[PDB]
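Asker: Sharing a structure, written as structure tokens. Questions coming.
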Amino acid sequence: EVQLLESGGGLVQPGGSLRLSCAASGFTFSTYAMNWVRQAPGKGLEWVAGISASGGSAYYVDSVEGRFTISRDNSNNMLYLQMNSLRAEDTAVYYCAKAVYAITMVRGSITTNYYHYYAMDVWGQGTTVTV
Amino acid sequence: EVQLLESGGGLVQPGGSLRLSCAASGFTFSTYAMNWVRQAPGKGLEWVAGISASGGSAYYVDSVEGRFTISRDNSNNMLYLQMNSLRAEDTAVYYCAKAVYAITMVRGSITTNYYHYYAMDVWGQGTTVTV
Amino acid sequence: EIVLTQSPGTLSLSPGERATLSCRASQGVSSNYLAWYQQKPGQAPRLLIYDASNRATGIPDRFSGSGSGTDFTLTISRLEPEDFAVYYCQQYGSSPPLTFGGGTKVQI
Amino acid sequence: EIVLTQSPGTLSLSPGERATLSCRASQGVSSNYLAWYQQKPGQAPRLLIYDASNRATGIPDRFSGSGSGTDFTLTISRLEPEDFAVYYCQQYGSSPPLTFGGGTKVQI
Amino acid sequence: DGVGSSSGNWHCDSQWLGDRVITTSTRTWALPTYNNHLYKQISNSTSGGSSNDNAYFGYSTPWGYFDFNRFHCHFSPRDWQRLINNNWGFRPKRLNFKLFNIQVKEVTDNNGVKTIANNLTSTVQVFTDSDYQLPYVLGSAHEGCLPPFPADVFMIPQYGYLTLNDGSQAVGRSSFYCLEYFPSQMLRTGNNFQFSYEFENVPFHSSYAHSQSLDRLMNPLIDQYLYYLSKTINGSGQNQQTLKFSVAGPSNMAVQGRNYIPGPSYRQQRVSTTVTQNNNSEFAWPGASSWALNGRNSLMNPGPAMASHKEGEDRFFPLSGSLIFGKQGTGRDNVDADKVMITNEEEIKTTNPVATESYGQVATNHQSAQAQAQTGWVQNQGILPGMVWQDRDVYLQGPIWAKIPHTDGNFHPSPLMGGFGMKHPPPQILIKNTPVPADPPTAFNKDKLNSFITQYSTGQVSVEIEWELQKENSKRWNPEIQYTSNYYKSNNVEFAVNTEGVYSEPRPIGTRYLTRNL
Amino acid sequence: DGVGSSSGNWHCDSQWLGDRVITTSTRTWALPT
Amino acid sequence: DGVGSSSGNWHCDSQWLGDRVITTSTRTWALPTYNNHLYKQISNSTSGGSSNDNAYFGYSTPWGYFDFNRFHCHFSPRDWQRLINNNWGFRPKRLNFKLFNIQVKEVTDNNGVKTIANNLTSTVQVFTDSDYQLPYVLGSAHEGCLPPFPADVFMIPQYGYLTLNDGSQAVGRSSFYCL
Amino acid sequence: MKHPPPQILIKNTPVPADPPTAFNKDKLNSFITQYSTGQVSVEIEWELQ
């Protein structure tokens, strides 16, 4: 079964840099787009960053732009989120998430290209970061 | 049901030659590659020898190379392992190995040639050899 | 960022009753591509419906979804106890940022 | 001989818990062709998964497998009592010798 | 022409006519859909490798290409023997290429069980790049050739190219190519394709070994009329300086004046196949000979053509000096030495310096009453007037031609991995399945269609080459060395299939057996 | 003409001749109902 | 020529003209795929027989071959009677051979129940060895002839040959042929 | 006969099953299952004594 296991989160002072890592298994990793989702205490979920299966295209929410860098390693099945200049409001739980579509899919007589961003099928458990 | 039944193992002095015979039923012996697996007491299983379905090609582990001979008789559905120059380390349990695939397989529209070495679907019970 | 608003906030209904949720988009959502997620206390969120009506694999058959344009609905029929949780709508139909709805809570 | 190492050794987890096993290959395993075997005390080993995900016939449906390149995983979901045993990974993807992994033990 | 009619026949033959040979080979190919009809930017970051020496930027394309650029595509092993035992040289002249019996297939997969059907209306596209407007990848020794053994069915490889990079990024000078931007011929199942090509004039590849060496060219019975300096001192003690001169003659052949000197050299590190004689450290990369381009290091491989080892020492080989081929069944990474076949260039030791030796010595100072004569070792030596050398050998397994880079200047443009250098080589032949979209939606949408019917194609290819021969004229009295099979019994015939149907080539076969005078 | 025969070839090119240019473009289309 | 057109007609006849007879026979054949498109080295060890008198080395090929080398391929029993009661001698003069109405089939097997369909674009390959460059097996009295009775449908036999052996091993003088 | 009736050889041309979508150098081992059938006619003129 697909498993997303993230580690490297924790408490740190404001202004600091924290590099969050995620380990995936159960699927071909280079064929999926990956996401980071964030939930502050008592508040709803906030999509933060997402990255193309190839890694060449990486997007961010408006607030964290320039501070966070999302990256991945297709050989190591590893998803990375490294943070710079942390703030009082960056404190939350951080989730790994996997898109429900692979970049190419076969159904019946049809082969389909999915290169956009899609709903998140599998989630990691979350790892807390306190600023 | 597929059955691998081996006999001819037992205790013998070092330097001696012991011949192990195996009996198989419930499948076409000629079309399936066969393997010999040996496990020492309190140790992980070790793959010792591999034989092609034709019998033309035989493979052995590096440690026992040149001391063990593997042969099969298609007509008699018998798989044999010949042991010469036995050593203390050699004392282990020897299990007959049956390949999961046949040299040719039909699956709907396609016919496939499998002439390599494949995962072992069926096992014999094992027969002990003590040196 | 185009916004998702959930019509009911902190809604409570008795078990065994139909549950109808509504997520409203300020802008049309391109080729559907909306997603409903369920989160339970101290538990990672869970995918329910992706696109408009499309149900995820391990999901009970009582969950349904529909919508087009700016109006989307998550329906829960034959309500049960495990269905008490906070619900969300996700919009992936545009270019990122992907934005969740504000969140909606279903009580007893 | 290209080597298989099983990272978890003599692992003990409570029954009913998800079990994840990883086998590591020094060099890429050609076109998958990895195999997971289960052995029980005084009992002949048993095929579980061959190639990457492919499950053997008489095997419970709770056993799963995946992997590519140098990293492979055996997953056991909804753990049960008979699942306590020593596990192995086999690499047939290269030319022989076929080499088993070192072996890994799952306790109570 | 028609669905029920065949568009070509099978031709595999050799025709030996006088001073020329004509080879023809037919194979069966299969073309998949690559990238599901997409062009994609690739880089070392999309791959994930981080090292500066390995960085790249480029594109992968939906197209495939045909590669016949190895000699075993055109020569059976008996043909190759027949070539190399009787001929001093050969070279290509003309080419004929056919593509016929096209079959496009539709694959449907309801539950993991594939169904395959004919799609009679689908096309394949093919063109040659006859103006050399694409990046040319046929000269990099890539896999994907027409297979040596005619009964094997091969997969057409995917075309991709590189352009300028900085790190993993591009620059404004980087070029992007669309192969749709060329005219091409479209083929339904009744259509066939052909073209012919004329090779440009190239030298005959020398396929002989010198029976004489560059330093022995003298008459052994006669003196020179030239003098060399034999002695600088009378004897022991002080103030013994003198100048003594002797005739160079049969007894001292090392000092005779010579008109021609050995060719150029760039020293390679020496490795032994007896591993205990090798040093206990990792030096594969660190001890390698290399060249640098724009800050990145490339291995010098195989490098300039040099004798592999000294006489009598066949256990040694240059580290990146020789082309190395794998045996049938050998894996991709970290195989042992018995899994590979290492060629050696020893036949050229008559004119070419040894790869693991210095070129020679030069004087480093002015000797004087207060200073002894000093020398130093020449580890690399460029072309000098009066050098002669032999190029590298070609193999049954090896490449035939390369494209000479388009540049202001080049010197002796013979491809270093061996074969015939050409400014206009055989052109690249590109092929793809024409995409057939799956059903579009019933309301207009401006996006490109991302959904396609799953297809692949297959067919036949024939390639015909006329080769010009240079016949051996020798007056040598005693019999030559000839490539031969060995009579002694074995489990398998060499250059045959085994019991599992696996064809193999057990050894590399060079071209140099016959001899010539120097 | 025939089912197994192709009714046209792919032409994408530009030809710059003196005082005139000739463009040609081929695309693949899909028509629904 | 075309899918919906026939490429030949059925001819079974005898024509007795003076000092000569002309026989013609048509049969229906079926060619499988042999060895799943492989050449394979075979020997008495791949078979398993151990005796020196029986040892061999050779190859099996994907190809089949036609065998008309028995007299009942060309003569009905009445024709043979008509031949042997009236004539002191006979001998062959000319041969004509045709291969026509080719049909290639695709077999699909989802659950043990075979479905068969036409594959209209597939080819068959045929050649004669007119330079006698292959090993010649037509003179060993093998089975696989065109059958004596014209209504029977026959299977094309598989071509295979032997070369020099020592025991089950080959020698350097052994030849391998790719057809 | 030193030159008997020549051997007549026949085979089905292999039609490979769908190849993978990434290049692999191996020969294709997977084929569409096929067989062929047809008619043969042979005509011999015999001289009588």
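Every read-out reported here was derived from the displayed coordinates using simple, explicitly stated rules and does not represent laboratory data. Reconstructed Cβ throughout: ideal geometry from the backbone, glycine too, with neighbour counts over all protein chains shown.
Asker: Residue check: is H:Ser41 within 7 Å of chain G (Cβ to nearest Cβ), of a type in the set (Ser, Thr, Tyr) and free of Cβ contacts under 8 Å to residues at least 60 places away in the same chain?
Answerer: Considered against the rule, which asks whether it is within 7 Å of chain G (Cβ to nearest Cβ), of a type in the set (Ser, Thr, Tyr) and free of Cβ contacts under 8 Å to residues at least 60 places away in the same chain, H:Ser41 comes out as yes.
Asker: Pairs only if they're at least six apart or on different chains, beta carbon under 8 angstrom, first in region F:1-16 and under 15 Å from E:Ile102 (Cβ atoms), second among the basic types (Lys, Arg) and surrounded by 10 or more Cβ atoms within 10 Å (Cβ to Cβ); list them, first residue then second.
Answerer: F:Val3/E:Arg188; F:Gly4/E:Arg188; F:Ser5/E:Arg188; F:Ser6/E:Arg188
Asker: Taking the conditions exactly as written (of a type outside the set (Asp, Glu) and within 25 Å of E:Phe420 (Cβ to Cβ)), does E:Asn201 satisfy them or not?
Answerer: For E:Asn201, the condition - of a type outside the set (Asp, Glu) and within 25 Å of E:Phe420 (Cβ to Cβ) - is met.
Asker: Any residue at all in region H:7-18 that is of a type in the set (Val, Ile, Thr), facing another protein chain (nearest Cβ under 7 Å) and under 29 Å from E:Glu143 (Cβ atoms)?
Answerer: Yes: region H:7-18 contains one or more residues that are of a type in the set (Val, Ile, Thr), facing another protein chain (nearest Cβ under 7 Å) and under 29 Å from E:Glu143 (Cβ atoms).
Asker: Still on this structure: Report yes if some residue within region C:46-53 is over 22 Å from A:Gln39 (Cα atoms) and more than 9 Å from every other protein chain (Cβ to nearest Cβ); otherwise report no.
Answerer: yes
Asker: Any idea which of (1) within 17 Å of G:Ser174 (Cα to Cα); (2) more than 8 Å from every other protein chain (Cβ to nearest Cβ) is the one E:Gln470 doesn't satisfy?
Answerer: With (1) within 17 Å of G:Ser174 (Cα to Cα); (2) more than 8 Å from every other protein chain (Cβ to nearest Cβ) applied to E:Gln470, the lone miss is (1).
Asker: Identify, please: which residue in region F:1-30 is part of a strand (DSSP E or B) and of a type outside the set (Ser, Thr, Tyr) and is, among those, surrounded by the most Cβ atoms within 10 Å (Cβ to Cβ)?
Answerer: Top of the filtered list is F:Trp10.
Asker: Would you check which residues across region E:374-418 are assigned to a loop (DSSP other than H, G, I, E, B), touching a residue at least 40 places away in the same chain (Cβ under 8 Å) and β-branched (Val, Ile, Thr) and list them?
Answerer: E:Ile383, E:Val394, E:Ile400
Asker: A follow-up question, please. If you go through region E:461-489 one residue at a time, how many are surrounded by 14 or more Cβ atoms within 10 Å (Cβ to Cβ) and assigned to a strand (DSSP E or B)?
Answerer: So the count comes out to 10.
Asker: Do we have G:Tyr65 as among the hydroxyl-bearing types (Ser, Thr, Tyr), surrounded by 12 or more Cβ atoms within 10 Å (Cβ to Cβ) and more than 7 Å from chain H (Cβ to nearest Cβ) here?
Answerer: So G:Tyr65 does not fit the description; no.
Asker: I'd like the full set of residues that are assigned to a strand (DSSP E or B) and closer than 22 Å to E:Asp79 by Cβ, limited to region G:146-179.
Answerer: G:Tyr161, G:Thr163, G:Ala170
Asker: Shifting gears a bit: I'd like the full set of residues that are more than 20 Å from the chain's Cα centre (by Cα) and either closer than 28 Å to H:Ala17 by Cβ or within 14 Å of chain H (Cβ to nearest Cβ) (or both), limited to region E:155-189.
Answerer: Answer for region E:155-189, where residues must be more than 20 Å from the chain's Cα centre (by Cα) and either closer than 28 Å to H:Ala17 by Cβ or within 14 Å of chain H (Cβ to nearest Cβ) (or both): E:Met155, E:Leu179, E:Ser184, E:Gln185, E:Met186, E:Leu187, E:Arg188, E:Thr189.
Asker: Anything in region A:61-120 that is β-branched (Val, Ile, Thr) and touching a residue at least 24 places away in the same chain (Cβ under 8 Å)? List them, or say none. If you could, list the steps in order and put the result at the bottom.
Answerer: Applying the first criterion (β-branched (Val, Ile, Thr)) to region A:61-120 yields A:61, A:64, A:69-70, A:91, A:93, A:100, A:103-104, A:106, A:110-112.
Of everything in region A:61-120, those that are β-branched (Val, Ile, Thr) and touching a residue at least 24 places away in the same chain (Cβ under 8 Å) turn out to be A:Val64, A:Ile70, A:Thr91, A:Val93, A:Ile103, A:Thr104.
Asker: How many of the residues in region G:118-144 are under 30 Å from G:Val3 (Cα atoms), within 12 Å of the chain's Cα centre (by Cα), within 11 Å of chain H (Cβ to nearest Cβ) and not in a strand (DSSP E or B)?
Answerer: Qualifying residue count for the region: 0.
Asker: OK, next. If only one of G:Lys98, G:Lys105 is within 10 Å of chain H (Cβ to nearest Cβ), surrounded by fewer than 19 Cβ atoms within 10 Å (Cβ to Cβ) and in contact with a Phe, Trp or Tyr (Cβ under 9 Å, 6 or more places away or on another chain), which one is it?
Answerer: On the way: G:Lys98 fails: in contact with a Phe, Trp or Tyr (Cβ under 9 Å, 6 or more places away or on another chain).
That would be G:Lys105, the only listed residue that is within 10 Å of chain H (Cβ to nearest Cβ), surrounded by fewer than 19 Cβ atoms within 10 Å (Cβ to Cβ) and in contact with a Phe, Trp or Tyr (Cβ under 9 Å, 6 or more places away or on another chain).
Asker: Would you please list the contacts, defined by Cβ atoms under 6 Å and residues six or more apart or on different chains, that run from a residue in region E:87-112 that is more than 30 Å from E:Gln470 (Cα to Cα) to a residue that is outside any strand (DSSP E or B) and not hydroxyl-bearing (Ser, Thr, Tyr)?
Answerer: Here the result reads E:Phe100/E:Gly8; E:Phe100/E:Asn192; E:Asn101/E:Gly8; E:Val104/E:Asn119; E:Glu106/E:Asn119; E:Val107/H:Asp18, each pair linking region E:87-112 to a residue that is outside any strand (DSSP E or B) and not hydroxyl-bearing (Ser, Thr, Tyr).
Asker: If you don't mind, another one. Identify, from the list G:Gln133, G:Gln125, the residue that is surrounded by fewer than 14 Cβ atoms within 10 Å (Cβ to Cβ) and within 23 Å of G:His37 (Cα to Cα).
Answerer: On the way: G:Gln125 fails: surrounded by fewer than 14 Cβ atoms within 10 Å (Cβ to Cβ).
Only one candidate qualifies: G:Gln133.
Asker: Let me ask something additional. What are the pairs with Cβ atoms under 7 angstrom where one residue, in region B:4-27, is at positive phi and the other, located anywhere, is of a type in the set (A, V, I, L, M) and surrounded by 14 or more Cβ atoms within 10 Å (Cβ to Cβ)? Sequence gap at least six, or different chains.
Answerer: Filtered contacts from region B:4-27: B:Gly8/B:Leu20; B:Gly10/B:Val129; B:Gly15/B:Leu86.
Asker: Take region E:228-275 and flag every residue that is over 30 Å from E:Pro318 (Cβ atoms), aromatic (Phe, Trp, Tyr) and either over 46 Å from the mean Cα position of the chain (by Cα) or in a loop (DSSP other than H, G, I, E, B) (or both).
Answerer: The answer is E:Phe245, and nothing else.
Asker: Quick check on H:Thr33: is it surrounded by fewer than 21 Cβ atoms within 10 Å (Cβ to Cβ), within 7 Å of another protein chain (Cβ to nearest Cβ) and of a type in the set (S, T, N, Q)?
Answerer: Working: surrounded by fewer than 21 Cβ atoms within 10 Å (Cβ to Cβ): no; within 7 Å of another protein chain (Cβ to nearest Cβ): yes; of a type in the set (S, T, N, Q): yes.
It is false that H:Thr33 is surrounded by fewer than 21 Cβ atoms within 10 Å (Cβ to Cβ), within 7 Å of another protein chain (Cβ to nearest Cβ) and of a type in the set (S, T, N, Q).
Asker: If a residue counts only when it is basic (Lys, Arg), which strands (runs of 3 or more DSSP E) contained entirely in region A:18-89 have at least 1 such residues? Even if it seems obvious, please write down each step before you answer.
Answerer: Values: elements: A:18-25, A:34-39, A:45-51, A:58-60, A:68-73, A:78-83.
Answer list for region A:18-89: A:18-25, A:34-39, A:68-73.
Asker: Okay, next question. Considering only region B:102-131, how many residues are more than 15 Å from the chain's Cα centre (by Cα), surrounded by 19 or more Cβ atoms within 10 Å (Cβ to Cβ) and assigned to a strand (DSSP E or B)?
Answerer: Looking only at that region, the number is 3.
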